[PDB]
Every structure is written in structure tokens, then in C-alpha cells.
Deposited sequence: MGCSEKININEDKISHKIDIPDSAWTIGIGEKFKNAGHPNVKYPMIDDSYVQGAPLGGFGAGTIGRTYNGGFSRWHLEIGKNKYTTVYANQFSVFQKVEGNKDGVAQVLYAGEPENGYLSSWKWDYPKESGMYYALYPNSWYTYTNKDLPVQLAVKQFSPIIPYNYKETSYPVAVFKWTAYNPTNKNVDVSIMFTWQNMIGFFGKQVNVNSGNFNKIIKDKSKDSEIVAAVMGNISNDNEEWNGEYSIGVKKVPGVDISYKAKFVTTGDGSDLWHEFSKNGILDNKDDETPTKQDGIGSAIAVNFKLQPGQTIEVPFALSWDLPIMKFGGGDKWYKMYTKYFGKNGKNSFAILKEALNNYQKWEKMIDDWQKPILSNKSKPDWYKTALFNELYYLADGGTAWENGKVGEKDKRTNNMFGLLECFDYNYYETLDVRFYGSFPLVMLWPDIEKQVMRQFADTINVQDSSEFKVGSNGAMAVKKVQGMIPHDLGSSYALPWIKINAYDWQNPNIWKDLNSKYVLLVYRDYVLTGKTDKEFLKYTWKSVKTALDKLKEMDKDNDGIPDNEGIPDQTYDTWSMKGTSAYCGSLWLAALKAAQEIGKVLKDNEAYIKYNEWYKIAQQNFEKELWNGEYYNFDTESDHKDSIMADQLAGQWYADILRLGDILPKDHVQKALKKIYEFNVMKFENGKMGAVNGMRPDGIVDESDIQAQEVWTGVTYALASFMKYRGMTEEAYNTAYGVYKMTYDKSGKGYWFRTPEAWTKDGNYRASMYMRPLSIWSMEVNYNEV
């Protein structure tokens, strides 16, 4: 490998061999059907709300999130980079698709598949990823850096449906070598959303832009229709000319054929026919190809950028609503703007690389932090773009704001699940705070919505009211229904009786004020009525008059199957913290009566929480369950947020420290030797709590949250040891193969529940 000298991959990048077979992979541990797309994954391409495309470490464009809210795992085999090389003095060259695999649909048999093992590496430090190609039969070594411009505090380029592929080629040999690099792409108009005639009317065009020092050649893959539907728009691929390369292209090859129309050209001399052909297709699938050819002398390096864009301006949800995607603010809504997006990328990618470096540098340069932590911190961020992210720029057919939503996950297809976002929204408040405040305003606006229509609760078959006035919703809808319009899509349980949602809501509001500098009084004023309503409504659920809402021994908080009854450490502590936050907001907004009342409620509740739950070593799980003395990893969730919010001690420092040390000693170190995170419940005899499946699970996002709480309490070693098990399981050779699909949970056997999950974004709470 002579090429990793010529590029700049950070040591904290996650790495795997191209074509590597992973032997330990985990699978779902539930009986019901659940997504398992395998370990062949990579860092995604695409901005927020753009739809994303997962290109895997084997090279294939395989995890398709272009239909907003959906996960479709299928490799589109035509979509590839290929190489040709010919050593000066040899009669023939060699051509090779850079894909460690071969088609499963019978097509493109003429292409040279099966990129060999042990001949290159994949690296990822989101939003960047790289491939290196170090192959005994390719004398010129190649690398590519691929990315989308995902940039904190930037709401423009971060939205773009674009990717850049910056190639580097180096000749370590003593002979001249002819080299070509070819990007192929299928005209994917009709891949989803089109109910009949999926290819019909698709056509490809070639654009040559000859600006001084900025020559671009691109293919635009569109459809003859001007219909404004989710399916219609354009793809584009292209390249920018650099000194010493030439460009060639082929506008139309058939993807539902053997591929030789293209490949016989490429395999001869690495030069395409430059044949333009705008004829629309009927049934056949079609594609385009853009190539560069160059001669490298001994010792020579050259760099050349390609790009990909997708202008699919409309997202449709299953309940019928159609919305424009965010990037249309910058490029237009008519679906005929792929070239403009591509051109912007090819002309500005160096500036985008610097912007990414500038944001990653403070962390990367901090030599106190281990590399593994950096690997996880950056790579968990994949989910912000990959989680079905919806970011609207108007309803189709007809505002100041752009509504936003991130899915909980794909298996549980709910936008912004609040009990989860309490953990998973750290990166948004830290890095894209304007989006975070918009989401919270969305929740504020729902507080007094009432929908008295009844739904059947999935778990027990009881009927319940959809939305109760004064109760925060579980979620802002489903991609299968109507995001932002119809809330509480979740029906497996009744969230109107949950005991955590209203307290978490208030905590999130105050967090969002504190972590953006304690200056945004207008945000506190917008949300204040909803905060007061939320706490007042939750107070009504205190049936024994101890000042604390009572868990009911039935599904009533985020651990939906783990029954809490009476006062719980979890809900009780969140309540205490939410009261303290609201007192503070009352002081800021000069609402005396609120300050007065929430202080009184706090003092009573604090005294009783401590009396009811403090056992001398830790806080009991609850007051009334058979499992009341379980040690819960999340028992002091409210004090964790109180630390972040700078609200001081809700519980005594000594008792918090004892409890955290107990959780480390038990839930971490007695669970598979502390190598897999914090199990949720452990009995005081050191045996995992078997009262419910959730007690026997590690929750990745709970464990990262626990690690930040330990860190803030000076338990540095325990904090990183605790987090390390989650990193190991996710990313390491000894783990279970969950990279770019971190799950909610795993059991002690390492098998998982709910891949591609929002909660582990809580790792960013370790950077507070």
C-alpha cells in the first residue's frame, strides 16, 4: 500500500477490508419480523432531508433511503466505479469493476466483477469515507475520498442531495501507465413511487460546461414527463477536467442487458464512444457513463473529482401528503436541477472539505481522547442523515419555518419519538440548534391538541383516546401516514398515560436554552405555556399525594414492557429535574406564581423521592414492583440532565456517586466482564434482572448517556470503559457487525433489537 501516503485518512477512521467476510454477525433477537440488512454497510451519502444512499464497504450502492422514511436494501449493480490500466509496452490492458461481488439479477455479465480480497481497504469518519485499491494486477494505486457537505451550523449545503468522489492516482512503478476511471449510474427514475411503466420515458442527456478553468462533463438521467410526483426528477453524474486528463462518456447503455455496449469500449483502451443519444426507453433500464483517461509517469500523482446528484424534489408520505424537500429552497422545485447541484459540488468541493476538517479538528486534535471514542463519536452521526430524515420546504400546492423530523428507526417508523429524542437529540442541539428548536416548537404546538377518536392499543387490545389535551405526544407521526399532521402514530401502547414524556419535554426545552448559551428568551417564551401545562397535567397522576406522579404497573414510559409501579427512580428523578428546570424558567421569565408553585412541588417531591428510594447504596428501581430492588442503569436520569442543564444537585452528591459506582460495578462489570455496555437491570445479588426482556438488554443510547453522566461526575475511567463496550460491539472485529446501523439494544449473546436507531446519538452528550 503506497497510496495512503498520498491522501489524508485520520487514524480514528473505522476500517475494514474491501471484500472482507465478517464472521461474528448479530441478528435480531425478537420472534417478530425485523430488519436485518447484514453487515455489508457503509457511511451514507446525502444531506439532511435529501434522501440518502448507503454505499457499502464492498463498493456497491445498496442501502437506499431515497424514498423518505423507507429503507430498501438492494444493490443497483450498474452503479459503480471501474478502472482500466495498461502498462506502456504491453499489448492489452485490464479493466475491473471496483465491487467485491457480482450481480444477482443476470445482467451486466460482460463487466469484470469480483474485485479480489486483500486488495484494498474501506475507511470511514463520517461524513467522509475512503477506499484504497492496492492490487497486485493494478500497477497504479488509487484511492477515493467520498463525502457530502454535512456541516454544523450550516443549514444550506447540509441539505444537498449530492456526493463528491475525489480520486487520487499514484504510479509507484518505473513504467508509464495508462489509467482510466469510469463512473456508471443507472437512470433510476421509477425505482420507487411509480405504479406502472417503471422505466418508460426515461432518457439521458450529456451536458458539456466549458467555463474558463472549469470544464465539466455530466450525464443527466431524467424522464420526458413534467409530472410533479415523488417519482420524477433527475439523477446526474459527472467529472471536472483537470490538467493531464481527458474525459469520455457514453450517454446510454442498457442496464437490463449484458452491459457489453459499454464494457467492450472501456475494456479495450479505457475510452468511451462519446455517443449522445436522448432516445427515451420503454421497458429497458438505461444508464450513463462518465470516464477519465490519463497517462501517469513513474512517481506521478493526479487528483480528479467526480460527483453525483439527485434532484427528487417531492417526498410523499403514505397518508397522501406531498412536500418539497429542503434543498429545493436553494435549487428550485421543478425537478430539472440536477446539473446545477452537481456543478456546485464540482466547483466548491475543496471548500467543503475544509469546512468539514474545521469542524472535526477540535476533537481530532485532542490527544487526551482515545481514537476509538473519536471513531464512535463521528460515525454515530450517520444516523442524522440516514434516519429517514424529513425537512420540508412547503406542501405541494401550498411559511417562515421548515418542519423537521428524524425517525426513531425504520422498524418503529415514528418521527421524533420524544422519549427517545431525550437521548438522541444531542447532536442536533449541539451542532444544528436551529433545527432542534424548530422540532421543540413543533412539540409545543401539540400540547393542547385533543383527538377523542379511539384507537386499539396493540399490546392488549384495549381502546384508548388518540391524543389527550395537556399530554405531550409520543411522536409526530409516521412516514406511512402523515408526519407533522397526525401525531401519535405509535399504537402498540397508550402514550397519553406515559409518565416520562411530559417531564422529558420540559427538560428538552430547558436543555435547548442552556446549550445554546442561555440567551434565547424568545424560545422560552414560545414554549412556556406548554411547559406549565405539561407539568400541571403530570401532577394529576400523583394518586397517593407524595408529590410525584405514580407509575401504574402497566406500560407507562420508554421501557414500555418493563413495569414500574409507585414512585420509580427513573420517572421520579425526571420529574424532580423538570420541576427544577421550570422553576428556573419561571425566574427567567419573571413568572412568580409558577416559580413559587414548582418550588413547593419540588421540595415535597425531593424529600419523598429520597425517603422512598434511597437504600444506602443506590436508588431502588421503584416502590411497589416485585423487582423494586433492581439496580437500574438509568435510575438517575433526572440528575444526569440536571448536570447538563446546570441545575445543581437534585439528589445528594454522595448518593449519586454511590449509585454510579454501583451501576458500574454491577450493570457494567458483572455483565460479560464490562465488554458490552450497561445491562438495564441487575438484581443486588449480581444476576441480571429477568422480570422483563428490557431489563436483560443493554440500550446503546442509555449506556452512552450513563457514560457522559459518569464523566461529568469525575468517574473518567468508568465512563470510557462503559462506553467502550458499545463501541466494541458496534465497530470492532470482536463485536457483532453493527456499523452504520447501531441498534437500540442487544442481549448478552450480542444479538440485537431495532437496528438503525436514534437513541445512540446520545454519545454526543459526552462532548457537553
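- Against the full deposited sequence, the model leaves out several stretches, namely 1 to 11, 410 to 412, 783 to 787.
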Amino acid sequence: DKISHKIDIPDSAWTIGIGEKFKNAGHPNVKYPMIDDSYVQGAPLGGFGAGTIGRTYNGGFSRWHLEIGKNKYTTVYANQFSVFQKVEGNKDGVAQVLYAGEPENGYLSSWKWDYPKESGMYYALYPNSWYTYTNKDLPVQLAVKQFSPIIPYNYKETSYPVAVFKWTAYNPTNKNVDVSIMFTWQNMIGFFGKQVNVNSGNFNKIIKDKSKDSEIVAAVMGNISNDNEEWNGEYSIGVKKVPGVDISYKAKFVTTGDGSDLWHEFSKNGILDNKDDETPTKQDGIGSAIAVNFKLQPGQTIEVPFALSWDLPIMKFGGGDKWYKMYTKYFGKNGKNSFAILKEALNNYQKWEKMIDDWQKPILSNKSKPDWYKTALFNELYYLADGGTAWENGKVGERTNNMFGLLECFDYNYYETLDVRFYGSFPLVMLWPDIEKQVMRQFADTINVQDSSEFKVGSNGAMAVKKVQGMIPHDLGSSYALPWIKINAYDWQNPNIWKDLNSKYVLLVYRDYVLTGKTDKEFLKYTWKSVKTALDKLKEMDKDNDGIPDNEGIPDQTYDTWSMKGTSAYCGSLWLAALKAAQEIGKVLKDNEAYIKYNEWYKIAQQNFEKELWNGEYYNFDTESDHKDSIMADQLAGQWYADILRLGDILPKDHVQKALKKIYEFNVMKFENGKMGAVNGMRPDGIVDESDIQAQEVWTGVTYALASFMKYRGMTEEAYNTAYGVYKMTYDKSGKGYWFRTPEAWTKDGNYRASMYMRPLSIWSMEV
From here on, numbers count along this sequence of modelled residues.
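- If you average the C-alpha B-factors over 487 to 495 and over 437 to 445, the higher value belongs to 487 to 495.
- According to the PDB record, 669 to 677 carries the higher mean C-alpha B-factor of the two stretches 669 to 677 and 125 to 133.
- In the PDB entry, the Cα temperature factor peaks, among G638, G93, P305, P313, at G93.
- Going by the entry's values, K31 shows the largest Cα B-factor out of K736, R63, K31, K70.
- Annotation for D475: C-alpha temperature factor in the lowest third relative to the rest of the modelled chain, per the entry.
- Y115: CA B factor in the middle third of modelled residues in this chain (values from the PDB entry).
- Per-chain ranking of the deposited C-alpha B factor places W263 in the middle third.
- Per the deposited record, the Cα B-factor of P161 falls in the lowest third when ranked against the other modelled residues of its chain.
- Looking at the C-alpha B-factors along this chain, the one for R759 belongs to the lowest third.
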